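Have a look at the structure below, then the notes.
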Amino acid sequence: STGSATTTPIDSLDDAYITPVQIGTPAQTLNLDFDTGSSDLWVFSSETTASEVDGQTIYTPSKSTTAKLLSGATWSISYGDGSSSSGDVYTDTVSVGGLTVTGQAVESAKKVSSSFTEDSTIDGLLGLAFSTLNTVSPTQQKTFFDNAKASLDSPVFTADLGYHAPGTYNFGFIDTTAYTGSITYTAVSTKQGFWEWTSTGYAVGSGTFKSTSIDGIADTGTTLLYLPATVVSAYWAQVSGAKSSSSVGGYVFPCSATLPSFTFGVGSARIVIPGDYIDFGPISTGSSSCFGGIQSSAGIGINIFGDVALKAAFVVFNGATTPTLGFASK
Ligand SMILES: O[C@H]1C[C@H]2CC[C@@H](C1)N2Cc1ccccc1
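Here PDB author numbering is used: the first residue of the sequence shown is 1, the next is one more, and so on.
What follows is the structure, encoded as structure tokens:
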């Protein structure tokens with residue numbers, strides 16, 4: 001089997017991407033944030049505290065003929081940005097892009113933090129990191145990808161995120177029309193439950209490539225590119241007037257600037273992030289200070305290849321017995 005679903009930016013900045021997901025019988029379609037940095041499929045629901053729902057579409061298990069309470073199971077998750085959610089668990093039929101899993105754990109939110117209530121466009125998350133990170137207790141649950149394995153033609157999914165445009169998540173096949181050149185594969189460590197890999201270095205604009213190992217994760221659920229302070233300082237030193245602002249919480253730059261590209265290494269291959277991808281616009285409406293898309297990972301404890309980096313590439317998440325990542329230009 002395969003599946004193919006379109007993913008759409010939630011706003012003009014590509015802050016996140018939503019993908020329609022069918023849950024239950026008859027189908028209830030919710031728009032989920034596919035997150036390769038977490039392992040829970042959780043939704044706004046009929047159980048979510050009413051004052052914490054503002055515009056989201058909810059999953060109502062009582063209206064699904066295939067929903068069953070997963071008796072005793074609870075979940076609670078905290079993300080890298082300080083956001084959180086928790087609740088109870090149902091199993092139900094979940095379909096993405098024509099690919100169906102029966103008996104998927106659907107984690108029903110009873111509580112969500114402010115960042116979720118305040119985002120009407122995101123109805124929940126669909127985690128695509130390794131199932132070892134799933135938070136359900138006392139019986140840990142599998143991701144949608146882990147459950148779909150074995151029906152897939154090839155044990156893979158691909159992320160093809162758009163710049164200010166829709167893109168695609170595919171399950172079970174490589175679309176050889178979706179990228180240019182060849183795919184470069186690189187080793188993955190699953191020790192922390194992430195799609196963790198080691199970039200071979202970087203370049204700023206037209207500058208020379210610096211060969212240096214940068215461990216980090218491929219995380220579709222993180223907006224920005226978070227890299228070591230040395231690398232990030234080297235990038236922003238090429239933008240006149242750029243500075244790190246403690247008040248704003250990262251590097252800002254004059255909105256009148258033209259940003260240089262940023263290149264990262266994948267083995268002997270190179271992925272080039274155009275400068276325009278690194279512009280996240282005014283820090284507040286009407287400001288001439290713009291927020292940078294490359295930020296320091298110091299304090300976060302891991303480097304994160306988030307959407308800024310991933311949307312410059314066609315990315316293969318290879319879930320074979322020995323997982324690997326692949327990157328191609330597009
Ligand atoms: O206050 C809420 C949380 C954030 C910041 C503004 C708006 C509502 N959300 C945009 C956003 C969504 C997904 C990822 C990154 C940013």
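Heads up, the beta-carbon is just placed ideally off N, CA and C, and yes, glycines get one too.
Check whether the Cβ of residue i sits closer than 6 Å to any heavy atom of ligand 1, and report yes or no.
| i | result |
| --- | --- |
| residue 85 | no |
| residue 8 | no |
| residue 219 | no |
| residue 120 | no |
| residue 276 | no |
| residue 123 | no |
| residue 151 | no |
| residue 15 | yes |
| residue 222 | no |
| residue 115 | yes |
Excluding sequence positions up to five away, which residues of its chain have a Cβ less than 6 Å from the Cβ of residue i?
| i | result |
| --- | --- |
| residue 197 | 186, 188, 325 |
| residue 61 | 67, 90 |
| residue 203 | 209, 263 |
| residue 141 | 105, 134 |
| residue 5 | 19, 96, 97, 169 |
What would DSSP say about residue i, mapped onto helix, strand or coil?
| i | result |
| --- | --- |
| residue 3 | strand |
| residue 321 | coil |
| residue 133 | helix |
| residue 10 | coil |
| residue 275 | helix |
| residue 59 | strand |
| residue 229 | helix |
| residue 307 | helix |
| residue 73 | strand |
| residue 198 | strand |
| residue 157 | strand |
| residue 210 | strand |
| residue 146 | helix |
| residue 179 | coil |
| residue 285 | coil |
| residue 83 | coil |
| residue 331 | No answer is possible for residue 331: the residues shown for the chain start at 1 and end at 330. |
Quick one: residues in its chain with C-beta nearer than 7 Å to the C-beta of residue i, no 5 flanking neighbours on either side, listed in chain order?
| i | result |
| --- | --- |
| residue 173 | 2, 153, 154 |
| residue 261 | 205, 272, 273, 274, 275 |
| residue 278 | 259, 262, 292, 293, 294, 308 |
| residue 83 | 113, 115, 116 |
Using CA coordinates, which residue listed in the options is at the minimum distance from residue i?
| i | options | result |
| --- | --- | --- |
| residue 157 | 195, 180, 122 | 195 |
| residue 131 | 233, 117, 147 | 147 |
| residue 23 | 161, 118, 119, 100 | 100 |
| residue 27 | 40, 59, 81 | 59 |
| residue 160 | 321, 317, 283, 311 | 311 |
| residue 20 | 227, 289, 126 | 126 |
| residue 107 | 45, 95, 118 | 45 |
| residue 230 | 249, 201, 222, 245 | 201 |
| residue 25 | 190, 178, 103 | 103 |
Once you ignore the five residues that flank residue i on each side, which residues in its own chain have a CB closer than 8 Å to its CB?
| i | result |
| --- | --- |
| residue 164 | 9, 12, 14 |
| residue 242 | 236, 251, 252, 253, 254, 257, 292 |
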